[PDB]
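Trainee: Next up, start-v3.csv (CSV, C-alpha atoms and all ligand atoms).
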chain,number,residue,atom,x,y,z
A,1,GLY,CA,20.9,-11.7,9.8
A,2,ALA,CA,17.6,-9.8,9.8
A,3,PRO,CA,15.5,-12.7,8.4
A,4,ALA,CA,16.9,-15.4,10.7
A,5,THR,CA,16.2,-13.1,13.7
A,6,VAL,CA,12.7,-13.0,12.6
A,7,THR,CA,12.4,-16.8,12.1
A,8,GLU,CA,13.9,-17.3,15.5
A,9,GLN,CA,12.3,-14.4,17.5
A,10,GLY,CA,9.4,-13.0,15.5
A,11,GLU,CA,5.7,-13.0,16.5
A,12,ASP,CA,3.2,-15.0,14.3
A,13,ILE,CA,0.5,-12.4,13.3
A,14,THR,CA,-1.6,-14.7,11.2
A,15,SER,CA,-5.1,-15.7,12.2
A,16,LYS,CA,-4.5,-19.3,11.3
A,17,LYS,CA,-1.2,-19.2,13.3
A,18,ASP,CA,0.6,-20.9,10.5
A,19,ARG,CA,3.7,-18.8,10.8
A,20,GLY,CA,3.0,-17.3,7.3
A,21,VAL,CA,3.7,-13.7,8.5
A,22,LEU,CA,6.1,-13.1,11.3
A,23,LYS,CA,6.9,-9.7,12.7
A,24,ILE,CA,9.6,-8.0,14.8
A,25,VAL,CA,9.2,-4.4,15.8
A,26,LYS,CA,12.6,-2.8,15.2
A,27,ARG,CA,11.5,0.8,16.1
A,28,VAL,CA,8.6,1.6,18.4
A,29,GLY,CA,6.3,4.4,17.1
A,30,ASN,CA,4.5,7.0,19.0
A,31,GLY,CA,0.8,7.1,19.2
A,32,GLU,CA,-1.5,4.2,20.0
A,33,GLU,CA,-3.8,4.0,16.8
A,34,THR,CA,-3.1,1.3,14.2
A,35,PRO,CA,-4.9,1.8,10.9
A,36,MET,CA,-8.2,0.4,9.7
A,37,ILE,CA,-9.5,-1.1,6.5
A,38,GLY,CA,-9.9,1.7,3.9
A,39,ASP,CA,-7.3,4.0,5.5
A,40,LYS,CA,-4.8,5.7,3.2
A,41,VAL,CA,-1.4,4.6,4.3
A,42,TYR,CA,2.1,6.1,3.7
A,43,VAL,CA,5.2,4.0,4.1
A,44,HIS,CA,8.8,3.6,3.4
A,45,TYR,CA,10.0,0.1,2.8
A,46,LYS,CA,12.7,-2.2,1.5
A,47,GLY,CA,12.0,-5.7,0.4
A,48,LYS,CA,14.0,-8.7,-0.9
A,49,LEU,CA,13.6,-12.5,-1.6
A,50,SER,CA,14.7,-14.1,1.6
A,51,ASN,CA,17.7,-15.6,-0.3
A,52,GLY,CA,18.8,-12.2,-1.8
A,53,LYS,CA,18.7,-12.1,-5.6
A,54,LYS,CA,15.9,-9.3,-6.0
A,55,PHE,CA,15.5,-6.1,-4.0
A,56,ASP,CA,13.1,-3.2,-4.0
A,57,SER,CA,12.9,0.1,-1.9
A,58,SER,CA,10.5,3.1,-1.9
A,59,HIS,CA,13.7,5.2,-1.5
A,60,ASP,CA,14.4,4.1,-5.1
A,61,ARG,CA,11.4,6.2,-6.2
A,62,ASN,CA,12.6,9.0,-3.7
A,63,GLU,CA,9.0,9.0,-2.5
A,64,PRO,CA,6.8,7.2,0.1
A,65,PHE,CA,4.7,4.3,-1.1
A,66,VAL,CA,1.0,5.0,-0.6
A,67,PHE,CA,-1.9,2.5,-0.7
A,68,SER,CA,-5.4,1.8,0.6
A,69,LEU,CA,-5.2,-0.6,3.5
A,70,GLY,CA,-7.1,-3.9,3.5
A,71,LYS,CA,-8.3,-3.6,-0.2
A,72,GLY,CA,-5.8,-6.2,-1.5
A,73,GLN,CA,-3.9,-3.6,-3.5
A,74,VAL,CA,-0.9,-5.2,-1.8
A,75,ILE,CA,0.0,-8.8,-0.9
A,76,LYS,CA,-2.0,-10.3,2.0
A,77,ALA,CA,0.8,-10.1,4.5
A,78,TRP,CA,1.0,-6.3,4.1
A,79,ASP,CA,-2.7,-5.9,4.7
A,80,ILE,CA,-2.2,-8.0,7.8
A,81,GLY,CA,1.1,-6.6,8.9
A,82,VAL,CA,0.8,-2.9,8.2
A,83,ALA,CA,-2.5,-3.0,10.1
A,84,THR,CA,-0.6,-4.1,13.3
A,85,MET,CA,1.7,-1.0,13.1
A,86,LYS,CA,1.6,2.4,14.8
A,87,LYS,CA,2.7,5.7,13.2
A,88,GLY,CA,6.5,6.0,13.4
A,89,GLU,CA,7.0,2.2,13.8
A,90,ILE,CA,9.5,0.2,11.8
A,91,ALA,CA,9.0,-3.4,11.5
A,92,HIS,CA,10.5,-6.5,9.9
A,93,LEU,CA,8.2,-9.0,8.3
A,94,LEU,CA,9.1,-12.4,7.0
A,95,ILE,CA,6.5,-13.9,4.8
A,96,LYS,CA,5.7,-17.5,3.4
A,97,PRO,CA,4.5,-17.7,-0.2
A,98,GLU,CA,0.9,-18.3,0.9
A,99,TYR,CA,0.7,-14.6,2.1
A,100,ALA,CA,2.7,-13.3,-0.9
A,101,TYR,CA,2.7,-14.6,-4.5
A,102,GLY,CA,2.1,-18.4,-3.9
A,103,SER,CA,3.3,-21.0,-6.4
A,104,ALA,CA,2.6,-18.9,-9.4
A,105,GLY,CA,5.1,-16.3,-8.3
A,106,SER,CA,5.4,-13.2,-10.5
A,107,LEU,CA,8.3,-12.7,-13.0
A,108,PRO,CA,10.7,-11.2,-13.3
A,109,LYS,CA,10.8,-10.1,-9.6
A,110,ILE,CA,9.3,-13.2,-7.9
A,111,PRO,CA,9.9,-16.9,-8.3
A,112,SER,CA,7.6,-19.7,-7.5
A,113,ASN,CA,7.0,-20.2,-3.7
A,114,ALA,CA,9.1,-17.3,-2.7
A,115,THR,CA,9.6,-16.2,0.9
A,116,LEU,CA,9.9,-12.4,1.2
A,117,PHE,CA,11.4,-10.1,3.8
A,118,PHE,CA,10.5,-6.4,4.3
A,119,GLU,CA,11.5,-3.5,6.5
A,120,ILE,CA,8.5,-1.2,6.7
A,121,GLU,CA,8.3,2.3,8.2
A,122,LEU,CA,4.8,3.5,8.8
A,123,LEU,CA,4.9,7.2,8.1
A,124,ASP,CA,1.3,8.2,8.4
A,125,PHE,CA,-2.3,7.1,7.7
A,126,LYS,CA,-5.5,9.2,6.9
A,127,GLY,CA,-9.2,8.2,6.7
A,128,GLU,CA,-10.8,7.5,3.3
B,1,LIG,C1,5.4,-8.4,-8.3
B,1,LIG,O1,5.9,-7.2,-8.7
B,1,LIG,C2,6.5,-6.3,-7.8
B,1,LIG,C3,6.8,-6.6,-6.5
B,1,LIG,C4,7.5,-5.7,-5.7
B,1,LIG,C5,7.8,-4.5,-6.2
B,1,LIG,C6,7.2,-4.1,-7.4
B,1,LIG,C7,6.7,-5.0,-8.3
B,1,LIG,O2,6.3,-4.7,-9.5
B,1,LIG,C8,4.9,-4.5,-9.7
B,1,LIG,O3,7.6,-3.0,-8.1
B,1,LIG,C9,7.8,-1.7,-7.5
B,1,LIG,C10,6.4,-1.2,-7.8
B,1,LIG,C11,6.4,0.1,-8.5
B,1,LIG,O4,7.6,0.2,-9.2
B,1,LIG,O5,5.9,-1.2,-6.4
B,1,LIG,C12,4.6,-0.9,-6.2
B,1,LIG,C13,4.0,-1.9,-5.3
B,1,LIG,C14,3.3,-2.9,-5.9
B,1,LIG,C15,2.3,-3.8,-5.3
B,1,LIG,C16,1.2,-3.4,-6.4
B,1,LIG,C17,2.6,-5.3,-5.2
B,1,LIG,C18,2.9,-5.9,-6.6
B,1,LIG,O6,3.8,-5.4,-4.4
B,1,LIG,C19,3.5,-5.8,-3.1
B,1,LIG,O7,2.4,-6.1,-2.8
B,1,LIG,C20,4.7,-5.9,-2.2
B,1,LIG,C21,4.3,-5.2,-0.9
B,1,LIG,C22,4.4,-3.7,-1.2
B,1,LIG,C23,5.7,-3.3,-1.7
B,1,LIG,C24,6.0,-4.0,-3.0
B,1,LIG,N1,5.9,-5.5,-2.9
B,1,LIG,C25,6.6,-6.5,-3.5
B,1,LIG,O8,6.3,-7.6,-3.5
B,1,LIG,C26,7.9,-6.1,-4.3
B,1,LIG,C27,8.9,-7.2,-4.3
B,1,LIG,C28,9.4,-7.5,-2.9
B,1,LIG,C29,10.4,-8.6,-3.0
B,1,LIG,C30,11.6,-8.2,-3.7
B,1,LIG,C31,11.1,-8.1,-5.1
B,1,LIG,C32,10.1,-7.0,-5.2
Kindly transcribe the structure held in the file into structure tokens.
Ligand SMILES: COc1cc2cc(c1OC)OC[C@H](CO)OC/C=C/[C@@H](C)[C@@H](C)OC(=O)[C@@H]1CCCCN1C(=O)[C@H]2C1CCCCC1
Mentor:
Amino acid sequence: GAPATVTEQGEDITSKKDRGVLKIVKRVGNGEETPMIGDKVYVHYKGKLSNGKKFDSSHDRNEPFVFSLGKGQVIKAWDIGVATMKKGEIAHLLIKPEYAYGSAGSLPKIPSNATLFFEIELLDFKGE
């Protein structure tokens, strides 16, 4: 399935190269710019714990998720991963707990030391 494909084939986009955030580009975007710290970013996504159990999707709010990139308003792996993406791109990320909610986790959605999987669609990004 999607996560195994990432484990097996995905690129390690961490600085430390600790395989904490792996990425596969599933749909190539158009345009060359990937967004900078402080950019306002518009996405669709779906996420799940790597072993099923809990699930979340922007389409469940019928609206894109919007955040400010690189300000830690999202988990580290998103600040890292979404910055590598181009407008129109769809990507798969698989994330170790260290770039997500660590050992403390976050009930009720997230257990301790959870690995997470997302599909992210970068819709757009604007300057701050
Ligand atoms: C730990 O709690 C949650 C985790 C997740 C979703 C989430 C949530 O409740 C706060 O609720 C949906 C909420 C609004 O209804 O989404 C806004 C994005 C929140 C940002 C503020 C943080 C908490 O979420 C994230 O950083 C990441 C990356 C962006 C998208 C949401 N994501 C999640 O961790 C998901 C989580 C993914 C695994 C499956 C369970 C939900």
Trainee: Would you name the residues within 8 Å of ligand LIG 1 (chain B), counting all atoms listed in the file, and put them as a short mmCIF file (atom, residue, chain, number, x, y, z; two decimals) with C-alpha atoms, in the coordinates of the input?
Mentor:
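So part36.cif came out as:
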data_model
loop_
_atom_site.label_atom_id
_atom_site.label_comp_id
_atom_site.auth_asym_id
_atom_site.auth_seq_id
_atom_site.Cartn_x
_atom_site.Cartn_y
_atom_site.Cartn_z
CA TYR A 45 10.00 0.10 2.80
CA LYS A 46 12.70 -2.20 1.50
CA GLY A 47 12.00 -5.70 0.40
CA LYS A 48 14.00 -8.70 -0.90
CA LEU A 49 13.60 -12.50 -1.60
CA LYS A 54 15.90 -9.30 -6.00
CA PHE A 55 15.50 -6.10 -4.00
CA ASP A 56 13.10 -3.20 -4.00
CA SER A 57 12.90 0.10 -1.90
CA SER A 58 10.50 3.10 -1.90
CA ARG A 61 11.40 6.20 -6.20
CA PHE A 65 4.70 4.30 -1.10
CA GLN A 73 -3.90 -3.60 -3.50
CA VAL A 74 -0.90 -5.20 -1.80
CA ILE A 75 0.00 -8.80 -0.90
CA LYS A 76 -2.00 -10.30 2.00
CA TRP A 78 1.00 -6.30 4.10
CA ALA A 100 2.70 -13.30 -0.90
CA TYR A 101 2.70 -14.60 -4.50
CA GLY A 105 5.10 -16.30 -8.30
CA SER A 106 5.40 -13.20 -10.50
CA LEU A 107 8.30 -12.70 -13.00
CA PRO A 108 10.70 -11.20 -13.30
CA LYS A 109 10.80 -10.10 -9.60
CA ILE A 110 9.30 -13.20 -7.90
CA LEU A 116 9.90 -12.40 1.20
CA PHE A 117 11.40 -10.10 3.80
CA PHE A 118 10.50 -6.40 4.30
#
Trainee: Would you mind reading off the distance between CA of residue 90 in chain A and CA of residue 27 in chain A, one decimal, in Å?
Mentor: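 The value is 4.8 Å.
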Trainee: By how many Å are CA of residue 35 in chain A and CA of residue 120 in chain A apart?
Mentor: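 Going from CA of residue 35 in chain A over to CA of residue 120 in chain A covers 14.4 Å.
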Trainee: Which residues come within 8 Å of residue 22 in chain A, counting all atoms listed in the file, excluding same-chain residues fewer than 4 positions away, as an MDAnalysis selection string?
Mentor: chainID A and resid 6:7 10:14 93:95
Trainee: To one decimal place, how far is CA of residue 87 in chain A from CA of residue 19 in chain A in Å?
Mentor: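 Spanning CA of residue 87 in chain A to CA of residue 19 in chain A is a straight-line distance of 24.6 Å.
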Trainee: Measuring between all atoms listed in the file, which one of A:115, A:34, A:5, A:15 shows the shortest distance to residue 82 in chain A?
Mentor: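 So, comparing all the options, the nearest one is A:34.
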Trainee: Would you mind telling me which residue in A:111, A:88, A:127, A:81 lies nearest to residue 21 in chain A when using only C-alpha atoms?
Mentor: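 Answer, going by the shortest atom-to-atom distance: A:81.
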Trainee: Out of A:8, A:128, A:89, A:98, which residue has the shortest atom-to-atom distance to residue 26 in chain A when counting all atoms listed in the file?
Mentor: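 Among A:8, A:128, A:89, A:98, it is A:89 that comes nearest to residue 26 in chain A.
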Trainee: Can you tell me, as a tab-separated table (two decimals) with C-alpha atoms, keeping the file's coordinate frame, what residues are no more than 10 Å from residue 83 in chain A when counting all atoms listed in the file, ignoring any on the same chain fewer than 3 positions away?
Mentor:
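See around16.tsv below for the written result:
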chain	number	residue	atom	x	y	z
A	33	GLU	CA	-3.80	4.00	16.80
A	34	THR	CA	-3.10	1.30	14.20
A	35	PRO	CA	-4.90	1.80	10.90
A	36	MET	CA	-8.20	0.40	9.70
A	37	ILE	CA	-9.50	-1.10	6.50
A	39	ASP	CA	-7.30	4.00	5.50
A	41	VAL	CA	-1.40	4.60	4.30
A	69	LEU	CA	-5.20	-0.60	3.50
A	70	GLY	CA	-7.10	-3.90	3.50
A	77	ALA	CA	0.80	-10.10	4.50
A	78	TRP	CA	1.00	-6.30	4.10
A	79	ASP	CA	-2.70	-5.90	4.70
A	80	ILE	CA	-2.20	-8.00	7.80
A	86	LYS	CA	1.60	2.40	14.80
A	122	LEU	CA	4.80	3.50	8.80
Trainee: Smallest atom-to-atom distance to residue 64 in chain A: which of A:125, A:30, A:20, A:50, using all atoms listed in the file?
Mentor: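 Going through A:125, A:30, A:20, A:50 one by one, the smallest distance to residue 64 in chain A is for A:125.
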Trainee: Could you tell me which of A:3, A:85, A:63, A:91 comes closest to residue 119 in chain A if we count all atoms listed in the file?
Mentor: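 Nearest to residue 119 in chain A: A:91.
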Trainee: Of the residues A:112, A:43, A:92, A:72, which is the one nearest to residue 59 in chain A, using all atoms listed in the file?
Mentor: A:43
